[PDB]
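Asker: Residue numbers (the deposited numbering), protein chains in the order written: chain E, 2 to 320; chain B, 3 to 320; chain A, 3 to 319.
In this text, a Cβ means the ideal position worked out from N, Cα and C, and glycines have one as well.
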Amino acid sequence: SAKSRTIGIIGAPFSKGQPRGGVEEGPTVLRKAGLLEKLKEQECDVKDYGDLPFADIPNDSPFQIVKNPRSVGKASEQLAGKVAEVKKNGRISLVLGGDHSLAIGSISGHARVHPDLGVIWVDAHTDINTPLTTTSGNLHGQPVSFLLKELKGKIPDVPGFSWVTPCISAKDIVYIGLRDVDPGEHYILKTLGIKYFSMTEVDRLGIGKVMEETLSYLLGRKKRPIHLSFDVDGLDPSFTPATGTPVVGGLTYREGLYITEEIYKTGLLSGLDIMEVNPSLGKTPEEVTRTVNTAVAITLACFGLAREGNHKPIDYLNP
Amino acid sequence: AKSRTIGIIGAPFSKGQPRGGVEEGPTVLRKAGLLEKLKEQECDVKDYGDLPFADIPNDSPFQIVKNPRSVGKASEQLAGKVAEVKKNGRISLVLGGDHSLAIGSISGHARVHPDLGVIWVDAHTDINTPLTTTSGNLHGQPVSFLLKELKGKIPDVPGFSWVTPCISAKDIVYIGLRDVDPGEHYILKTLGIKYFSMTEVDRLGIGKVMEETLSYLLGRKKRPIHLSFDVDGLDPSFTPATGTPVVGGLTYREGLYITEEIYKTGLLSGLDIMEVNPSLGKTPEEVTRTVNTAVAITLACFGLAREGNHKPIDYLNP
Amino acid sequence: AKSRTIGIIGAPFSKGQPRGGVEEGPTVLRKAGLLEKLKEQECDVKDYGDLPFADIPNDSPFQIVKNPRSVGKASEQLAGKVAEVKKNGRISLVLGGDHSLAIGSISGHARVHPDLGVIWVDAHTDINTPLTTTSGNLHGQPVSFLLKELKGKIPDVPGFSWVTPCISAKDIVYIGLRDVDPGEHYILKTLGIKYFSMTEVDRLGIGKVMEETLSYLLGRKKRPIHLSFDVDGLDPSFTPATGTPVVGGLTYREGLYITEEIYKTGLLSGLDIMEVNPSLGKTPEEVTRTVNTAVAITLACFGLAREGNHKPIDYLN
Ligand SMILES: O=C(O)[C@H]1NCC[C@H]1CCC[B-](O)(O)O
Ligand SMILES: O=C(O)[C@H]1NCC[C@H]1CCC[B-](O)(O)O
Ligand SMILES: O=C(O)[C@H]1NCC[C@H]1CCC[B-](O)(O)O
Ligand SMILES: [Mn+2]
Ligand SMILES: [Mn+2]
Ligand SMILES: [Mn+2]
Ligand SMILES: [Mn+2]
Ligand SMILES: [Mn+2]
Ligand SMILES: [Mn+2]
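1. May I ask you to report which of helix, strand or coil DSSP gives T7(B)?
2. Going by the beta-carbon positions, is the gap between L148(E) and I105(E) smaller than 8 Å?
3. Comparing alpha-carbon positions, which option in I108(A), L133(A), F162(A) lies nearest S170(A)?
4. Quick one: which chain A residues come within Cβ less than 7 Å of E44(B)?
5. Which residues, in chain order, sit with a beta-carbon under 5 Å away from any heavy atom of ligand 8?
6. Taking DSSP as the reference, what is the three-state secondary structure of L118(B)?
7. Can you tell me the Cα-Cα spacing of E78(E) and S239(B), whole angstroms?
8. Can you give me, in chain order, the residues of the stretch 197-227 of chain E that have a beta carbon less than 7 Å from any beta carbon in chain B?
9. Can you tell which of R180(A), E186(A), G221(A) has its C-alpha closest to the C-alpha of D237(A)?
10. Using a 10 Å radius around the Cβ and a threshold of 16 neighbouring Cβ atoms, would you call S16(B) buried or exposed?
11. Beta-carbon separation of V278(E) and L36(E) under 8 Å?
12. Would the stretch 42-52 of chain E count as touching the stretch 109-126 of chain E if we require 3 or more Cβ pairs under 8 Å?
13. By a C-beta neighbour count over all protein chains shown, 10 Å radius and 16 as the cutoff for buried, is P226(E) buried or exposed?
14. Can you pull the chain B neighbours of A307(E), defined as C-beta to C-beta under 7 Å?
15. Could you list the residues in the stretch 242-254 of chain B with a C-beta less than 7 Å from some C-beta on chain E, going in chain order?
16. Are the stretch 178-194 of chain A and the stretch 171-190 of chain B touching by the rule of at least three beta carbon pairs closer than 8 Å?
17. Can you tell me which of the three DSSP states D49(B) falls into?
18. Does ligand 2 have a heavy atom nearer than 7 Å to the CB of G142(B)?
19. Please indicate yes or no: does the CB of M276(E) lie closer than 7 Å to some heavy atom of ligand 4?
20. In terms of alpha-carbon separation, which member of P247(E), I156(E), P116(E) lies closest to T135(E)?
21. Would you kindly work out how many angstroms separate the C-alpha atoms of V289(B) and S217(E), rounded to a whole number?
22. What residues from chain B crowd round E287(E), counting only those whose CB sits closer than 8 Å?
23. Closer than 8 Å by C-beta to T295(B): which residues in its own chain qualify, once you throw out the five before and the five after it? Chain order, please.
24. Considering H187(E), what are the terminal residues of the beta strand (DSSP E) in which it resides?
25. For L318(A), which of helix, strand or coil comes out of DSSP?
26. Please check if any C-beta of chain E sits within less than 8 Å of the C-beta of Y265(A).
27. Can you round the beta-carbon distance between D100(E) and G161(E) to whole angstroms, since I take them to be within the 8 Å contact cut?
28. Can you give, in chain order, each stretch of the alpha helix (DSSP H) that sits fully within the stretch 90-166 of chain B and has at least 4 residues?
29. Are the C-beta atoms of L53(B) and some chain A residue less than 8 Å apart?
30. In whole angstroms, give me the CA-to-CA distance for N60(E) and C168(E).
31. The alpha helix (DSSP H) that contains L273(E), what's its start and end?
32. At a cut of 8 Å, does the stretch 89-97 of chain E reach the stretch 4-12 of chain E through at least three beta carbon pairs?
33. For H312(B), which residues in chain A fall below 8 Å Cβ to Cβ?
34. Would you call the CB atoms of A243(B) and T300(B) closer than 8 Å?
35. Cα separation between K68(E) and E263(A)?
36. For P20(A) and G138(A), what's the separation of their Cα atoms in angstroms?
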């Protein structure tokens, strides 16, 4: 089996990273749609590591305004050890979320085995708010701030985040689909000189040129591991409505598939995160199934599923 | 103008697929006022009526291939009618009906113009052979019967003895592919057919897709163009009333852009409007939405431009 | 900043077209908190109020052209107000109202800045003359009254004697055309006006469309820009509450791109947000969808960028 199709499923039923309950059922509904079975139909080497058991911390006191610091920090700490275990076996770590605060552990654990990795962040938001710049206190919009090497000293010592060691630099992360960025978040994005492709850049260049520039920026000099942190709210709410923070004028169903198809084509996808799938925030049961079917289609395109077609290495006309 | 001289051919046929209602396609396309709207944009329109597809009851399946004699005779009858329309110097407009009728529509057009180029706008390749197919529906098998390179791979199917492969692998271009079977993808890649799947449409844009399509078919020499348009090629948000709808399709704008560029070459000689099923809609609005989009696609093929259209007269001095 | 100094003008007028409710356009735009959202965006906002349009009795139609004296007076009153806003060093923001008011908005803006360039975002050319029109609705006739090359082709219509042709055929660019009348297409091609119909938008992409639009109008040297935005220029799936909706229009993203690019030049001098009709929304959701889109379009004209916006201070320390 090919390295680009060898996967290691990791279930992350966590929700204390944001104030809306239901996102912890994300890995459950994705499995119910037959994600592991549809991947095996695509000639993929699939090995399940099950759902991580996240213990309850009732004595979790808020740091300044930051909500559930010990619960979020422990969840990512438990995920980091599991993601590193999947990478040691030589398998692509597939984290099923859950909120985007789990990206702290998923990227840290992946960096323990492959420290030369590049991050492609598909989201409507930067998720770069520091515990001092945050206005909501939700840690699902704070993962990148804890992971950046350039922000070493600007991040205060929040309880449960002691294990966190900055692994990625400002030049090793690329944003795709930005359309709802906070004033504090936009300042950090421009001061550190991080490469980004907001909806303005996607409309200007087209999804073809956006993917051509993204891959040439991270792989142009040398072939390095790729970590794709995919937030479903990165796509328009017409395709992914069952999510925590929906923002209009997002990436289309075709644009999302094109991003994921080009990432598979490089044969360097090493880490993958499917985050913010909330089956309870859906207005109708059709809106819930639509978000899950889109999230499944995004995942299958990461491991081989191409729109032009897929065939086994055999003669179909003369078998 | 020859690019606006049309010959309407009604093809009420549904035995190419298992879902009933697609035979009512020419009836509901006419009811939307297609012939009236074409005469409005200065087109010379001649209606040849609906083809009388006689009932073939004794039609046993070939292995798993459903209704072989009915599909074969319907295409053989359409081939004779399309050739008759082309002999009178008119653009053959085949109102479908299921896409299996393309066998006869392209074969009949090839009898008068053998040097023609095919533009296949569809979500599917329809290149399954009677042996590689899994459903046995002939509506997903037309391209296999027409390709010269697949000679020796098509078995003796009852009702298809008249079929002679007329188009080469280099004489066909696909646009809008997003649901291709493993057997179909093997044929598409081995024969080296030029294709623009939804991945290529997202990569280059509909502008470069059409620029490359016309340069690939009219590069060597200017030759007649046959446009086989399956309404499922467009997204189900514009054409929901169809048998096989697939998400992430061509937009209403992309569909108009393809058809507007094909008219501007002045080489469109054959056109198929297939898979319009007025009984496979969730609401009556979804049925009217598919037909209005199908009529808009057809009007753009014969002159209707979004920038505007005007007669060669002084509008400021009537 | 000069690019964020605005002068709000309310234009509750509907006699340019037959569908009632477009006069409630500035009312629902204000209810959505447009002025408040602009002030939060570090904009210097001055509200000149909603213009009172007195009902003219016995306004007989000129041939087939409906309500000529009402449309003419509404544009005459708007011309004086737009010029007053331009003299105070502010960007004129006209809240419509039907698109016939563009006669007054562009004329009044041209009285202070005669070297202005017009960017017309619309599904229609609105270039019909009082003789080529088949409906007689003046909302589809504003460009004909404004063009210098069409002087002598426009008859003496009552209420329009004050109109002086202020823009030339080379000074206007259309974006998003898909429903152009035969008479209108004849004028568009014979005058050699630059246009980017839905066909050109699909061909080049909104990125190349904006690059060519701004290079064609500003190429020689920096000059004022008048953006006349008709909400029907965008697809009816984003702006359904409108008088003349045409399928296959500009997306919500494309509309934000056009407006984000015009702000970046720092030369936006005049702005029209027209044809918002809250009575033409099938569901109250369709009404809010159109107004939310119209507000987003207006905010992008005065700084709101999708990549993010921040004050000139240190957010870390
Ligand atoms: O920091 C926060 O809590 C908020 N500031 C930007 C929008 C919102 C975060 C969006 C949710 B997520 O981080 O998952 O993209
Ligand atoms: O071979 C088949 O029966 C099937 N394979 C793909 C979808 C289906 C064929 C659909 C025919 B048409 O594209 O015209 O809708
Ligand atoms: O002249 C007319 O009455 C009509 N010809 C095209 C459509 C219609 C004008 C629409 C005016 B507007 O673009 O502002 O909605
Ligand atoms: Mn996120
Ligand atoms: Mn997000
Ligand atoms: Mn087909
Ligand atoms: Mn099809
Ligand atoms: Mn208008
Ligand atoms: Mn309009």
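Answerer: Well, looking at it:
1. As a first step, residue 7(B) is located in the second sequence; it is residue number 5 there, counting from the start. DSSP places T7(B) in strand when its eight states are reduced to three.
2. Looking up residue 148(E) in the first sequence gives position 147. Looking up residue 105(E) in the first sequence gives position 104. Yes, Cβ-Cβ distance for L148(E) and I105(E) is below 8 Å.
3. For this step, residue 170(A) is matched to residue 168 along the third sequence. Closest by alpha carbon: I108(A).
4. Within the second sequence, numbered from 1, the residue matching residue 44(B) stands at position 42. Chain A residues near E44(B): none, gap ~11 Å exceeds 7 Å.
5. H101(A), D124(A), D128(A), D232(A)
6. In the second sequence, residue 118(B) corresponds to position 116, counting from 1. Three-state DSSP puts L118(B) in coil, outside helix and strand.
7. Taking the first sequence and counting its residues from 1, one reaches residue 78(E) at position 77. Taking the second sequence and counting its residues from 1, one reaches residue 239(B) at position 237. Those two C-alpha atoms are separated by around 44 Å.
8. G207, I208, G209
9. The sequence position of residue 237(A) within the third sequence is 235, counting from 1. The option with the nearest alpha carbon to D237(A) is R180(A).
10. Within the second sequence, numbered from 1, the residue matching residue 16(B) stands at position 14. Buried, since its Cβ has 16 or more Cβ neighbours within 10 Å.
11. The count along the first sequence starts at 1 and reaches residue 278(E) at position 277. The count along the first sequence starts at 1 and reaches residue 36(E) at position 35. Going by C-beta atoms, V278(E) is not nearer than 8 Å to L36(E).
12. no
13. Looking up residue 226(E) in the first sequence gives position 225. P226(E) comes out buried.
14. Counted from its first residue, the first sequence places residue 307(E) at position 306. Going along chain B in sequence order, the residues near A307(E) (Cβ under 7 Å) are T201.
15. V249, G250
16. no
17. For the purposes of this step, residue 49(B) is taken as residue 47 along the second sequence, with counting starting at 1. In the structure shown, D49(B) sits in a strand (DSSP, three-state: E or B).
18. As a position in the second sequence, residue 142(B) is number 140, starting the count at 1. Within the cutoff, so yes.
19. Position 275 of the first sequence holds residue 276(E). Checking every heavy atom of ligand 4 against the Cβ of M276(E), one is found closer than 7 Å.
20. In the first sequence, counting from the first residue as 1, residue 135(E) sits at position 134. Ranking the options by Cα distance to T135(E), first place goes to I156(E).
21. If you number the second sequence from 1, residue 289(B) lands on position 287. If you number the first sequence from 1, residue 217(E) lands on position 216. Cα to Cα, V289(B) sits roughly 46 Å from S217(E).
22. The count along the first sequence starts at 1 and reaches residue 287(E) at position 286. The premise fails here: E287(E) is roughly 11 Å from chain B at the closest Cβ pair, so nothing lies under 8 Å.
23. The residue labelled residue 295(B) in the question sits at position 293 within the second sequence. The answer, listed in chain order, is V233, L236, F240, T241, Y254, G257.
24. Within the first sequence, residue 187(E) is the residue found at index 186, counting from 1. Careful: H187(E) lies outside any beta strand (DSSP E), inside the alpha helix (DSSP H) at 184-192.
25. Residue mapping note: residue 318(A) aligns to position 316 of the third sequence, counting from 1. The answer is coil: DSSP assigns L318(A) none of H, G, I, E or B.
26. Counting from one through the third sequence, the residue named residue 265(A) turns up at place 263. No, no contact with chain E.
27. By 1-based counting over the first sequence, the position of residue 100(E) is 99. By 1-based counting over the first sequence, the position of residue 161(E) is 160. Wrong, their Cβ atoms sit about 15 Å apart, outside the cutoff.
28. 104-114, 144-148
29. Along the second sequence, one-based indexing puts residue 53(B) at 51. Chain A, which has no Cβ nearer than 8 Å to the Cβ of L53(B), makes this no.
30. What you label residue 60(E) is simply residue 59 of the first sequence in a count that begins at 1. What you label residue 168(E) is simply residue 167 of the first sequence in a count that begins at 1. C-alpha separation (whole angstroms): 30 Å.
31. To locate residue 273(E), count along the first sequence from 1; it is residue 272. Premise fails: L273(E) lies in the beta strand (DSSP E), 270-276, not in any alpha helix (DSSP H).
32. yes
33. Within the second sequence, residue 312(B) is the residue found at index 310, counting from 1. Under the 8 Å cutoff, chain A gives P184, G185, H187, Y188, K191.
34. As a first step, residue 243(B) is located in the second sequence; it is residue number 241 there, counting from the start. As a first step, residue 300(B) is located in the second sequence; it is residue number 298 there, counting from the start. Contact: no.
35. Against the first sequence, residue 68(E) aligns to sequence position 67. Against the third sequence, residue 263(A) aligns to sequence position 261. Whole-angstrom Cα-Cα distance: 39 Å.
36. As a working note, residue 20(A) is residue 18 in the third sequence. As a working note, residue 138(A) is residue 136 in the third sequence. Going from the Cα of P20(A) to the Cα of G138(A) covers about 10 Å.
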